[PDB]
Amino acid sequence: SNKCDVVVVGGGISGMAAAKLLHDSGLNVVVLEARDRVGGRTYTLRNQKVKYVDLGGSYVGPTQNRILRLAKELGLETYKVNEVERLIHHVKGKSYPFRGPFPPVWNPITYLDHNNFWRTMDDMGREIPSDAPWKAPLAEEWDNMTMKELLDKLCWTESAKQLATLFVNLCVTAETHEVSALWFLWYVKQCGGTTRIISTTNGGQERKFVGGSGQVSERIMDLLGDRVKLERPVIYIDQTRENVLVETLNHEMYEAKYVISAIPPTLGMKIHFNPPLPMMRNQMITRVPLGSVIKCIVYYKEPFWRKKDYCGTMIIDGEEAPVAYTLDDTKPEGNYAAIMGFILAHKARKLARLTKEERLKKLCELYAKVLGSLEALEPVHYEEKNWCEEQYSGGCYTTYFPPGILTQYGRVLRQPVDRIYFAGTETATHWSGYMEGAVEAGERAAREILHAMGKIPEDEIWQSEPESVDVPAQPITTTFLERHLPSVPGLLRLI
């Protein structure tokens, strides 16, 4: 067998970040990666037609200081996603251009309803601890409802309910009826709230990495050299003896003092454990699916939308549209003009039956309607990735919690099992679901092991991160009216 200090299962950002921290501390680490590549739910494709394109995770933004710091250390730079010109909200077959993060609403009743919806999501989030959402005062009540039930109670207008539904679908690649209200409200709150999570400028979608996000994992693999073993799916972990034994599908055996599991929680099912996992983890890893998304990038000769004072952001309501949300994917130089779109949740399942060429046609025709331009019908290239088909991801962007699961099983997610510690973005407390969360969790799991070895004190397990000098955060603000305008039933109680 191959002996080392720590085996890290999974060579995504989380596993790589954990392995780098342990390596830098002087431990001998091995990373066992199932695929013939690193990066996991990140994947940057290079060819002459696109130069490079993120087909998985791409965006980073203010308050995501760990990913920004790690990438900077590895020699990467960011550029801003184009938001110079107007955004579009396409509603009932018409495009309404706008500025600022939220589409305007003109009907006074609809206005009150929309304002109340966003405000209430943040009000509720303030009572949910980031590190322990199951300790929310109404944890059980909120966990036993779906997001669909919550939106049905909160939204007096169909307009607000359709936009709220789109929000859930885009944020967590799942249907409102599939997900726990508690979990979803935690998810938003732990990215800094509604404004921060939905915003391009000053939010989660502000920036991309020059040359692609895949470079984070690739460049850590570059540092680690042959410590990274590709095409080594872990099948078996045995903790009955002095050292932990980790076996791969290609018949290799690794021996270590500790293990970090840096895979999505449910993919723990692909590993046979000796002794068996404790009851609560055994059942938890069957209760935590990942969402469904096809990421699609359509290329054009020029970023023609800019000529009509549109930035390329489209927010597209309704069942018929294949794609509910787009961003401009053009490179910083104004070349490789492109629109990135997501085919979300049930639509990913529905439209996966089509051919690549059939999806291209539907997207181009949609974009022609929304951008009001025949130029959208003349694509020069197309790339896509359906994450639902990946054996070693399970989906994208991340794991969702159905009703009842987070309160009953959430405490087990990052609880060590003897000498196995748990990384992965699902275990983060700030931007869980994102590349930022992957870094937080990997570095925390690594430091749990450093503490178990006696190398650092307990109070160094969780570590704050200085703010990025390159991507500083501006405060999230609200207006007096936003804070104090009544809800729809509030206006009725006054009548």
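Residue numbers here begin at 1 and follow the sequence given.
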* Averaged over C-alpha atoms, is the B-factor higher for 110-118 or for 170-178 in this PDB entry? -> 110-118
* To do: May I ask you to compare 86-94 and 308-316 by their mean CA B factor in the entry and name the higher one?
  => 86-94
* To do: Tell me which of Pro104, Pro303, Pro322, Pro289 tops the list for C-alpha B factor in the record.
  => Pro104
* Choose from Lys72, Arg196, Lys153, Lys270 the residue with the greatest Cα B-factor as stated in the PDB record. => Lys153
* Name the third of the chain's ranked CA B-factors that contains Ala473, choosing lowest, middle or highest. => highest
* Asked: Which third, lowest, middle or highest, does the CA B-factor of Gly61 fall in along this chain?
  -> lowest
* Asked: Lowest, middle or highest third: where is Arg447 by Cα B-factor in its chain?
  -> middle
* Structure fact -> Binned into thirds over the chain's modelled residues, the C-alpha B-factor of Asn282 lands in the middle
* Sorting the chain's modelled residues by C-alpha B-factor, tell me whether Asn386 ends up in the lowest, middle or highest third. => middle
